[PDB]
Structures are given as C-alpha cells and as structure tokens.
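Asker: Sharing a structure, written as structure tokens. Questions coming.
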DNA sequence: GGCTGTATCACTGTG
DNA sequence: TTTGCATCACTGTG
DNA sequence: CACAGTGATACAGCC
DNA sequence: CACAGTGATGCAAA
Ligand SMILES: [Ca+2]
Ligand SMILES: [Ca+2]
Ligand SMILES: [Zn+2]
Ligand SMILES: [Zn+2]
Ligand SMILES: [Zn+2]
Ligand SMILES: [Zn+2]
C-alpha cells in the first residue's frame, strides 16, 4: 500500500472488491493495477473497471469512463 | 478414583497441553497423597481406542484400489510422491488418515448416540438393516501460517485442511426411512473431523492435485459398497452418500474446472453470462454437474466442431480445465453473507455521496465519503473500520438500525425510503438461506420468497441502476435465483455451510502453537491427532455428564 | 480436599481460563461425588489476599503528593485526565496500580523467601534492620494489538507496558551488608510484575508523559523515605533503590530527551559523535546523567551565550527535550545482540560480493548477493529469511559454523582468516556482557577484554575499512568502549536486560484473548490482575510441591 | 463566507489541536507542533504557505539572540504594536504548564525566508499562576499600553495534589491581571462582577476596553451566555479597572475569532453543549461605547463537519479561518485530520 | 560458452520445471506452463522472445482447425521434416499421465505473429502405455521416416495400485517402440541388450541411428554410464531394429542437448549423483558410423549456480540453452527463479 | 445462615 | 508389572 | 439465523 | 549466556 492504497471505488460501477478481487489482466501480481486520468484534478481508477483488454493495458503501460 | 478415559476427556476438552496436565497431576498427587489423576502414559494408552485403525471392519464388495488392512493410522500425505532430484520439486509436508478408517472410527464413536436414537424412535435395538450415512466434506485454504526453522522442504506459508462431518443417518424399517441421528449443531467446531492437513498453497494446482488425489480415489471407490462393522454386539451394515458442499467459491472454481473467478460466466450453479443475469435477475435453473463439466472439458480439448477461441468458449461455457473433485452445486451461507455485506457497504458509500444526482466523482470526495461513513458507523453502531469483511461486521451491518443511522448522511428522503425498503427485503430474505430447517422454523418466510426476490430485483434495477446495469454480483445472483430450488433439493442451506471448517481453522491455528511438537516433520501429525481426539463425541459426552 | 489457594495456583499456572476450570470442577464433582476442586467464588475470595491493596503499611515520612490510604487496587491510568470536548483529545485506555501498594504486595508475597534467605546466612528471623531492596524497571512498546469494536475512545493499535522486578534485598548486619534474597532467573517471565497497562503509541510523547507522570512522581516520592511493614508478626523497615534498565534504545532516547533515531550523537552514555567514535573506537568514558541532561535542556532553551543553531547543538550535545524519567546509563543485552547480529549479517552480504575490491555496486547485484546468502544459509545452518532479526536467529548466526558455511562463498582465502578472526573475537567478547555474574562465571574472559576489544577495533579499522571508516554503529561503539566499566559499576549486564519484559509481552498477548473479558472497559484491568496473579511466588511455589 | 478543503504534505502529523497561527505583514506562521522539535526544524516555528489550495509547512530559523521556546499546546497569544507577538502560558509536550512570557518579533526577512527573534520576559509582583486556555489582550489608554489577562485552567496546588488525580484540571480564580511589558511587572485586581472562573472564551481588544464573551466553568459544568466589558484607565497614578455586564451575550467554548474589516469581528466554531457544535456564526460590531451581536448566514458545511464530534482551528489574521476535523480513523497513515479554510468575505 | 542473466517480466510464474522450447524458423516458442491456461492466453503456447538480455512471453493463438492441448510437464518432443514438433506423453496439471500424440505446426505467420495448428493422433497396435520422462526421435532410412521411442517413468498398473502409494512411480519396460505417423501404427520390439529401464536420458538422432546416453534406473537407483546405439533398417517388409552397447559413455540424468553444428552436439547440465551436479559440459562428435565424446571447457559458473541444489532448462535450437535456478527466497515475492542463458 | 449454582452483560476469533 | 524423568530438535516475545 | 467461550455480578435455592 | 514449554521414546526405579 504505502501511499498507493488501491482499495478505492474507481467508478459508480466499480466491480472491484477487496474480498473477491481476482487477477483479470496478466500483470496484477498481488494487487490490482490502476490507470491515472488527468481530467480535472486527475484520479486513479481500476484497470478492470475500464473494460479494457490485456493488450490495451500493456500498450498504455487520460479520460475515464465518466470523463470521456 | 478417576478413569483414564475421563482424564483424557478433561485434558483434551479443557485445552490443556501434556506438560500442563503433567504439572497438574504431579501437584495434585504430591499434595493430596492419592492418585486422583491418571498418569500421562496411561492417558496415551487409553487414547488409542478412539483413534483410527483400531476396530475391525469389512467392505462388501472389497474396495477397488484400496488395501484391505484395518490397522492403518496417520500416514504421509504425499502418498509416495517422488522426491528425487530429477523429477518435479516437492516442497510440502502433509499428513492424512485413510478415509474408510476415519469413517469407521467416527461410526464407532457415534455408536452410543446411534443406539440411543434408535431406541428413541421406538425401534428394536438389534436390526442390521442397511443404514445410510451422510457426510459433508469441507476443504479450506488458510493464510499467514508461518514456516519453521530446520531441515526439510522449503514449505510455503499457507495450509490446506480437508475435513468431514457426519450429518444424518437413516434406516429402512418399512416404506419410509426413519432418521436415527442428526447433528444438533452442524456448523459447530465440535463436529468437524480432520482428514488431511497439508502445507501448500491453495492455488498451487499441481501440488493440490498430487496430495488430494488418493482421497478422491478412495471416496469414488467406496461410493458403491457396503461396510460391515460390529456395533453393540451384532454386525451392522452401513452405506455412504457423500455430499461435498463446504468449499468456498474460489476453490469450487478451481476444483470444478471452471475459469477464473472473474469472467463473463459468474455462477457455479447455472451457465448464464453476467449481462443476462443483470437483465433477468429472477428466473434461472440449476443445470451444472461434475459429469457435465467433464464432458465440457473433453469438448474443449478435442474441438469437435472446429471453432475459433471465442466460439469454443461460448460452446463450453466457462470450463477450460478438467475437474478432479465432485462437488454438489451449493451456496455457501457464510461467504454469501460476507459478499452481500460488502455490497451493501459499497451501496451505502455511493448513496451518501449523491451518485444519482450530480455524480462529479472527485479523487478527494471518494475518500471523504468513506471517511464520513466509517466515522458515523463508529459513533452510532459501534463498528470499527476493517480492511476486509468478516461475519460479525456483516451481522451488525445488515441490521435496520445501520440503515437508520446511515440515512442521516443522505440529504434526500426518497433515497431513505428506497434504502430502507431494500434493507427490509434483504432482512426478510436472509432467514431462508441461513436456518437449519426453513420448512419448520420460518415457514412464512420460506413461502414468501419469490415475491420478495422479485421486488428486490425490481428495486435494484429501478432505483439503483447507477451501479447495476449489466453487472450483478455472483452472490446476489445466487441468492435471488437458486434459493428455492436448492432448498427443495437438499432440505436446508446453511446446515451445509463452511462455518464448521472455518472454526476448525482456528482450532488448527491454536493447536499448532500450543498443543504440538515444534519440529517440522511432526507438527502436522500431532495437530491432526489432537484435532481428531478433540472432535470425539465419546470424550465430549463426559464433559456433559453432570446433567442427565 | 485441595485448598482454595492450591486450586487457584493450579488454575493460574496451568493457563486455565475461568470457564475451563468451571467445566473441569463440574465434571470432577459429578463423576467422583466429592468436591476435590474448590468453586470459582472460593478461588476469587482466596485470591484477594494476593492482589495489591490488602496489607497495611506505613510511610515515614509520609510520601509527598501520595495518598495515605492502604486499600487502593486497580486504578484508572488516565489519573483523571480531562475528557471534555474543549480539552485535548483522549484516545487511550489505561489501568495501573499504585507504586507503593504494588511494592508492598511484592515484598509481602516473598516473606517465606526472605525468611529462608535470612536463615541461610545465620541471622535471627526477628531482625528489624533496614532492608535495602533494588527494583529493576522496564518499559516496552508493543505493536500490532488489535482494536475491539464498541463505543468509546478510538484507541490505537499499539500498547505500552510498564513493569518491575525485585532484584535483590540486602540487610546491614553489624558493619557489613549480606544478601537475603537474589533472583536466580532475573530474565525469566515469572518475575515481571506489571504496574501500568495502556493502549498508546510508544512515540506519542504527549500521551506517554500524561499517563506515566504519576508513576514517576510516586517513584520520586518513594526514593527518599522508608516503608514500615509487618512480616511474621514483626515490624520491618524497607528502603528502595530504583534502577530503570529495561528500556530499549529508541525509548531511552525519546524519554531521556536526546535527539531521536540516528544523529551526530549516537551513544546514550558518553558525548562522542559518530566521527570521533570511528576515529578512536577504544577509549571513552561515561558522562551522561539525568541531572546533566536537565541542565543541558535548560541551557538549550535559555541560550545564554547567544549562539546559532549549530553552535547551540554542539554545546548541548544533542539534547533538545526535557527528560522526565531517570534511566540509569546501561546497555540492553538483547537489543545489543540483535544489532550486532544484523551488522554481521550485512558484513557477510558485503564480503560475499567482494566490496573491498569493488568500490561500487548496483541495487540488483546487492539484492542478488542477499538472495544468495539467504539461500545458502538454509542448506547448512537450517535457517530461513526473516524480515526483522530476532534473538534465536542471532544466537544461531553468531556461531562459528555460520562463518564456516559463509566461508565457501568468498572467492579469496585472504578474507576467510579475517572473517574468522572477527567472529572469534566477537564470540570471546559476548559471554562477558551476556553472563549474569561474569566475575564468578567467566573470570578468564572478563580479565582479558580490553585486549580483545583493541584487536577487534584494529581489525575493523584495517581490514573492514570500506564500511567502518568514519561510521561505527552505536551498539558496536557501546560494546567496544562502554562495557569494561558497567560491569565494575553495577555487577552484570545480562541480569539488567529487557528479556523479562519481552517474554512477558507473550503472556500479555495470551491473556488478552484467553483470560480477560472481551470489552474496551474491562480488558486492561482483567489482564493486569491475571498477570499479577501469574507473577506471584506464593502461588508459584505450590507447583513445585513435589521437590 | 466560503469553505474550501486544503491538503497537507508529508508533515501533516506536525499539526495538533491548539496550534497557534501568527501573522507578520501578510505572512502566516505556525507554532505549537506535536512532540518535541526534530532535526528538520529545531526552532519549532514554521512558515504556513498556502498556494492553489495546497498547504506547505516550511522550516524557519531563529535569530542569534533568540531563546528556543518549547512547543505550547494552548497558549494565550496577543499582538503588540515593530510588530510583535506575546505568548503566555500553555502546556509543554511533557504535559507540564509554563509560566513564562515569550516575545516574538521579525529580525530580518529575505526571499522566501524569515528570521525570528524570541525573548523571554520574567514577571514580577503578583505573578499569574501557570494556566492554559486563558485570554490576554493589549489595551492602549492615554498614550500608555498594558496587557489584560483573564483566568483559565490549571492543575491543583502543589500542597493539595494527589497521584491518584494527578492530571485533574481546575479553573483558576476570576482575578484580572494587568501586565506592563516595558518593565515586565504585573498587578492583580479583584472585581465584584466576576465570581465564577471561565476558560476557553473569546476576547476582543478595543481602544481602552476588553470584551469577554463565552466561556466554560468547570466547577458548575455550564457554559454561561455572559458578556463582560473590562475598562482600564491609566492615569498618572495606579491604574483603575472596572467591569460591567452587558445583555446580549452568547454561549460558546473554544471559539475562533477573525477580524474581517475595521471595527468588525466574526466568531466561527465552538461548542454549545458537550455533544453539540455551534454551527452558527456570529458578527460583532464595535462602537464608541456599545457593541452589537448579530447572526450571519450559515456557511454551507460539508457532511463530514456537521456530523463530527470535535473540531479545532486557528486564525490566519486575513479574514481566513483554518479549521480541522479528526476525520478518517487511526489506521495505516492515510490522512489523520481533514483541514478546511473558511473565508469570511 | 558465454553465460548471461535474463530478467523475466510479468509472466515469470508461468515458467515451471519441465517446460518445452520449440524452434520455428528462427523463433522460439514456450509450451508447458504452470497450471491450467488463464483467460489471457487460453491456448497455452507462448512466444519466447529474448532480446538485449530481456525475456518476454506473448500469447499465441491457435488455428480454427486445431485441438487445444493441455499443459504437459515432461513431454517427449522431437522435430520432424513442412516442419513439425511431435510431442508424446507428459503429465497434466491434475497429475494424470496422458497417452496422446500431438503434432504441432504453423498455419500462417503474420507480421511478428504466428498461428499454430495442433492435431491429435491416435496410435494403434502395441500402443505405448502412458509415461513421462522418455525420449522419442525420428529415423530416416531408404526414403521412409519412422520414430523411435524409449522408456521412462509410469504409475503402477491399475491391478497393483494402492491409495497408500498412489503417486509412486516405476520404470517402464526397456522395450523399443517404432511409430509410423503416416498411418499412426506402433510396433514394440524387445531387444536382449536392454534389461534395465532408463529415465531422464539423452537421445541423439543421426541419419539412420539413435544414440542413447545417460539415464537413471529407478529399480537399482544407479546412473549407469552406458552408451546405446539403436539402428533401424526399413526394407519393403517388416522393419528391423538392432541395439549395440558401445564404450566411452558418460553418466548423466535430465541433461540438456543443443546442436551447435552439423555432426556435433553439446551436452550441458544434469546430475551425476543425488546432490552432486554435473558441472562439466560434453562435446559429442558424430560420424557416418563412428561417434566420440570429449570434455570441453567448463564455463565460468556464477556463485548461485555452483551452490544450487536443483536446476532445469531447455534448448532454444540456436546453439543456446535456457536454464534456471530456484530463488528459494519467497516472502510473498513473485521472483522465484533466476533464469540464465548459455551460448555454446 | 452461609455455600452453590446459574442467568446476564457486551464482546471475541476463524473466516 | 506401573511410574518417573532425561533427551531431541524446535517454538514465541522480541 | 456460528458457537464455544470471557470474567464479574446478582439472585434463587439447598444443606 | 532467556526461558518455560512440547510431545513421543526409552531406560531406570519401586
Ligand atoms: Ca478460507
Ligand atoms: Ca519491544
Ligand atoms: Zn475499480
Ligand atoms: Zn477520468
Ligand atoms: Zn446461477
Ligand atoms: Zn558511547
């Protein structure tokens, strides 16, 4: 965690839950990865909540679903 | 005077280690002058009758691929797995009984209760008619189990426990089956007999299969056979009908051959996409089984129709691995409650933040909402903030007073009414899938279930569409759809819950620390033996001998 | 028919909870027909004469700012701290005994031991001479103590334990002092009598001082007085000498007003800086004291000479706070051993990669070296990687077999002899500060300590100059310089250690979840009472009734 | 009046309840941190710089003649005009009261750095006892300046304090104190209108009058709605002090005071009852001999403020009040307090 | 022989001992991952791409007319020539032996993308029993191509298997199996020169001979230094097979073979004893009828490799060997292996 | 009259 | 014959 | 509707 | 040289 606690509701439809989190993308070794958006003040959102693909996440590694 | 069996019962039930018992016995003997308590060696001699591998039994027909010896106790869980340097690395210490020996020991321990119930049912106590024993299996994966210094394999920090509990025994004395025994507290830790203890990661599929294959082989071998055992004089015959409904959702996914817990197919009971579940929410059916999963895996591997990856995944709905454990499709009450509590907690977080109107989600406001909810809950309902979600938080969070307190932070009144109605519907639906006998304890709630589920789904689709439009949680889907069918099929969901195995995990963690040798090659054996001794009704009967 | 005292002793020392004892008593009574075990209310009545606040006692002169009542038991640790909304927030729950009553009870439960000790040296059992008793004080700050649900203060997840242990009692007969009693296991968890339990962060100065100020005031009042008590039907007079030694380095720095963590000034005994310690390494003295620190803080606050920040800190020698507890300058054996083991672990890591030949290295290479050492330490010594080094790991790592095992990873045999010599010197020095009576246990190792220290320092300054040229760790400095003198002054190092308090932390953790009510307003008092009962010699000696 | 959140850097832990804020020619400074000063900022005073709703606490360096004062958690602070600040009393981190007056001024100011001078002054005469939560103001009359100090809370006297109630706090006597800073002397006056001690009150310093409103009497556990006017005359002889009660007072404890415009003040924050927070803000209009107390519009409070148990704050001196709520929870350190800035026109 | 360290990305956990590396037109492919396939790469085959001492594993999609094979763990793999990889046997993640032959080829190659075709073949006749750790090679003679398969490890037969020893293994019979892929027919020959079974050995495919060196007999728990030459004659009638024992062999088990040059092979790695690793590398020179084995220079092994207890690896087909060392330091850490590359 | 047994209170831990 | 105590290779609180 | 505790207090009941 | 366990095994003692 340190200063990067990922357990925050990314969006109103944030399917991510700490109790039942599972690795969707083949990059989240122990904790889910988050994508940062620069719209407004900027915000970190869960990768799965964006409904992106593994290739898209790899290419990325911004405007979120409610900011586009 | 005090018998060795009674001394052993006292020592085992009152959480006393051998050294502490020896100190107590020494002090009592020295001060009083008479030997009130029996020596430790006498207790150890007297503890051998209860343990497996003592009573003679026969299998008709003889068990396939299982030895006919009746004098086998604690054995190595690796089952002779090759530890050679050339082969696959083995880092796992495991200890287990033989399934038939464990069952015969459990039946011998339960003999007295079986006879008492048979007498109480107004039946003569010498019948040898074929019985019917129901045993519920449970497999749990612990975490944060620290390893020990010393020579041996570099075992991981997670353990796996496989246990079973005898639920019901019935006998045929006419055109109907009369029940002669039933567990008063199915979820109690006092009746959860361990069968296998291993130190391996739950997700380590190779090691898990390598260790657990012999147990599944024995279970498949003795599904169709009869066990003859001398009980109270006459030899009597028993049959076994296994029912494994104690696994959690992730372990069910792993052992049933289904895909990862996050995918488009989100039910171990039916084959429905998440979008279809979200758009229907009410009407479904149970159409999944172990043989069907095996056929699905065979189709997936062979590709008989020459389809692409997506079409093949659609054809074989979620199965991409060969199952190796036959698990009856069921809903785990404890994990269902935990998931529903987490879902309602997130719903409260959204509701106190006005997501329906002006949903300008700010990176700071999203945390302000959680902070204010946690502070208000601590001030009103006396609940501290916790990172995960456990049972007690669920029980204290689903109460009506919790919604009454949360409504103080929501500016609107329509949202108050909607949230209160949703909580009332959930609380009215809860006692249907938690009671040990819904048809006799909550008949009105059991009958008025379809209407309540439909109203819950309609409310969740109308006044909460900002979160659930093409997305419904798996536990919500199970609770809304497959409660009545599973109740009709089994009799009660919740009696088959995993609470017993979860409490057995606590007992294991306590015994591994303060009731067993601290070496690396003996800890599992000692813990397994002491746990089996603890879950013995013959010993537990003495502690309740004061009242009769 | 077991007596209530015997039954209570059995229950307390066999780690049996009240409910388990009730079940055992019920079953034994029902299946035997005779009341072998006494009931719970009888045990509770019989335990009353053991908790603090039962025996009468007198203070002459009466203690300043201390009440004269003799019937005070478990009192609130907050000491009536204001809890109004306007005042400073209170977020701690604490329960404590009064120091005078606790010491009266501790002295009273060892009456038979005192009588036996007096008889063992041919003295009258009716002596009324001034018994001078030395009491060791320890204070520890634990971590990861779970908070409980409920209504009230939002206590943090940390606890602080304060404890005392009676070390020895001396009586002045004729013109010489003779030791009536002496603890044979000073570091044992059976003599760690608690005095105050609280739930606050160790590095929370405001709350820590607000809770611990009454205890320090009581100790100061008791320092210049005498206690009149009744034992064996005779009045006896007691004087007390308090020695605070169980503190760790961080806590002693925080309390004694020194600058926290690592800084220019590293030792709590002398005034040397890091560079001076690295340059000299063998010759120092002891100059720190509580009064000296108070004067230094006064000078720092007043700034009489009108100096800048650097000059003022140089003149104050790193004191930037007002001390409030008189901690005797000493070295803690457990933490010293742990730190030295960690330093030797780091030296092994560096020597595996041959840093003495390669001035620089990369992070990946250093991690690879650490992984290689951890992997190779399992095949030969049967050890596992540990996030934070502990005592058993230290004792296993400091053996010669460890340096023999790590020897076969260093490419050059030139470094093997140097590493082996360093390990041999450390193993020669260790028993001197680890023994409980060095003069009568290891006289040969005690006599030749300066020579070994000089050889160790020369080896560090010549061979291992790539890490210890201009920077020497504080515990290494203490071991090399400040130890030939603490043995002469006090008498032992390992006796005045924090091992007892650290082992009592385990009993605290066990009792919190096995012998205490689950609530935020009774758990502390229940744990305190049960720990005090567990540390009672009158109950303890019944278990050894066979011998 | 508008409320806006402000985020703190990596030293947010240095902010504790009762912190004092000082104003020097438009520069904001912070005093009274948590715990003893560390190596980063040995002096203990900080520069409180707010830029685009972001807070930074920069270190500050004392002068060569300074006396490095200990942190004070509830001091009594007043301004004096070279502009200087007078600090009296307070609680040190070792939880013991102080009875020393500290005068702080600005020695030399450079680019993005300020040097302070701190001087300790010893009082003579009927010296006030150590106390915290009291009010000290400065009165100018007939060309002579003095200071008026009211009572607060202290510990029990050293001859009546027991270790079982060591931290018990009792209200001080209602005696008023007049302090002369040219020679550092003090004189105590007893008044008939004052019979019960008050603590955590609000003081307004007019030309030759001190207005005292609010308070909290611990002896009676009540919060009186009393308004007192203390008039001090400084003739060639001994000073004369009179007190008068005025109808129209308000009940508040630990209220925050700001000065928006000339002859106008705003009271924000405080507690009416133990479990209730004063969510209304008051406006004080001064006059030649009379004052007017009115109620202004309630600011749009956030949901966290309206349902919190306690809150603290201080005054920046430019019409902006820096307030704080103990949000989140004592867990992994991701924000311990939540800080807002309130602008009163 | 140059030794270098390769840093692996986010697919490190996908590499477990016993994997297989295939060479297709200069590209390297990885098969036999740990656990059943995830949703990212349902096929189970990866594009083992190593560049500037960094390793990446990208998913590869099979063709529409292919069978999605399970992840094997010790298959007998051989090349065939229009280039195919034939894999037989192995252990599925459920610890059950598979007795199926999978032929893997390439359907179409796109820009930096390759599509595989996997076909399952059913054997008839004296079909080999399920086994793992054996060796299969391809022999060409008189215009006819057959395959030679030797023995390995296998579970006890179903008529002698007990749950107390369910996972016990035993060496298969030392019979030699000849497989024709044109019609998928297998014939078993019992050779009097072969008496003790072998497992984890090295097989070298010459024009019309197969050379077997190394092994580990389970019954005697020895590692004999016996070299065998199996020669297959393929007339118009029934085939003939003759086995000859030759001197000059070496003792090794689970060694890695690479082909640096024609009529030349390099053997690296193995286990001379239970714990004494074979740090030496051998050079095998092959002729039309005569063979020889010599000892080459020992590469500069790193500190971790010399003191490791176990090591595994595979051949990349370009004169390079990809071999791993267990990290043995996993405190909730993903990095559990220290892969290296070796060039001959 | 005094000892004994049991209900009650707000919580725990394995998830 | 039944009791009793030494021994082994570890633990947990740091 | 998890369930066996966790200890101190008060009151009904029996020798 | 922390120290009280921790359980099975085995030889000595009454
Ligand atoms: Ca679990
Ligand atoms: Ca500590
Ligand atoms: Zn999310
Ligand atoms: Zn966005
Ligand atoms: Zn379903
Ligand atoms: Zn020093």
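Sequence positions for chain A are given in Swiss-Prot numbering; the residues included correspond to 410-470, 476-482, in order.
The way this entry was determined, per its header, is electron microscopy, 3.2 Å.
Placed from the backbone N, Cα and C atoms, the Cβ positions cover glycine too.
Not my notes, these are from Swiss-Prot:
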- A:419, A:423, A:455, A:458: Zn(2+) 1 binding site (BINDING)
- A:446, A:452, A:478, A:481: Zn(2+) 2 binding site (BINDING)
Asker: Return the whole-number Å distance between the Cα positions of residue A:470 and residue A:476, the residues flanking a gap of 5 unmodelled residues.
Answerer: 12
Asker: Near residue A:419 (Zn(2+) 1 binding site), how many other Cβ atoms are within 10 Å of its Cβ?
Answerer: 25
Asker: For chain B, give the subset of the binding-site residues A:446, A:455, A:481 whose C-beta is less than 8 angstroms from one of that chain's C-beta atoms, in sequence order, otherwise 'none'.
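Answerer: Answer, by Cβ distance to chain B: none.
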Asker: Enumerate same-chain residues with a sequence separation of six or more from residue A:452 (Zn(2+) 2 binding site) and a Cβ-Cβ distance below 8 A; give 'none' if the list is empty.
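Answerer: Same-chain residues close to residue A:452 (Zn(2+) 2 binding site) (Cβ under 8 Å, separated by 6 or more) are A:445, A:446, A:478.
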Asker: With H, G and I counted as helix, E and B as strand and the rest as coil, say where DSSP puts residue A:458 (Zn(2+) 1 binding site).
Answerer: helix
Asker: What is the separation, in Å, between the Cα atoms of residue A:481 (Zn(2+) 2 binding site) and residue A:419 (Zn(2+) 1 binding site)?
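Answerer: Just about 12 Å between their Cα atoms.
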Asker: Centre the Cβ atoms of A:446, A:452, A:478, A:481, go out 8 Å, and tell me which other residues of that chain have a Cβ in range of the Zn(2+) 2 site.
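Answerer: Surrounding the site, in chain order, are A:447, A:448, A:449, A:451, A:454, A:476, A:477, A:479, A:480.
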Asker: Name the residue among the binding-site residues A:455, A:481 whose Cβ has the smallest number of other Cβ atoms within 10 Å.
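Answerer: Least crowded of the binding-site residues A:455, A:481, by Cβ count within 10 Å, is A:481.
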Asker: Over all shown protein chains, what is the count of other CB atoms within 10 A of the CB belonging to residue A:423 (Zn(2+) 1 binding site)?
Answerer: 19
Asker: Apart from A:419, A:423, A:455, A:458, which residues in this chain have a Cβ no more than 8 Å from the mean position of the Cβ atoms of those residues at the Zn(2+) 1 site?
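Answerer: Those within range, site residues removed, are A:418, A:420, A:422, A:424, A:425, A:454, A:457, A:459.
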Asker: How many neighbouring Cβ atoms, not counting its own, are there within 10 Å of the Cβ of residue A:458 (Zn(2+) 1 binding site)?
Answerer: 21
Asker: Quick test of your reading of the structure: among the binding-site residues A:423, A:446, A:455, A:458, A:478, whose CB sits under 6 A from ligand 4?
Answerer: A:446, A:478
Asker: Identify which of the following binding-site residues, namely A:455, A:478, A:481, place a Cβ less than 6 Å away from any atom of ligand 3, and list them by sequence position.
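Answerer: Close enough to ligand 3 are A:455.
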Asker: Give me the count of other Cβ atoms within 10 A of the Cβ belonging to residue A:478 (Zn(2+) 2 binding site).
Answerer: 19
Asker: Provide the three-state secondary structure of residue A:481 (Zn(2+) 2 binding site) computed with DSSP.
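Answerer: Where residue A:481 (Zn(2+) 2 binding site) sits, the three-state DSSP reduction gives coil.
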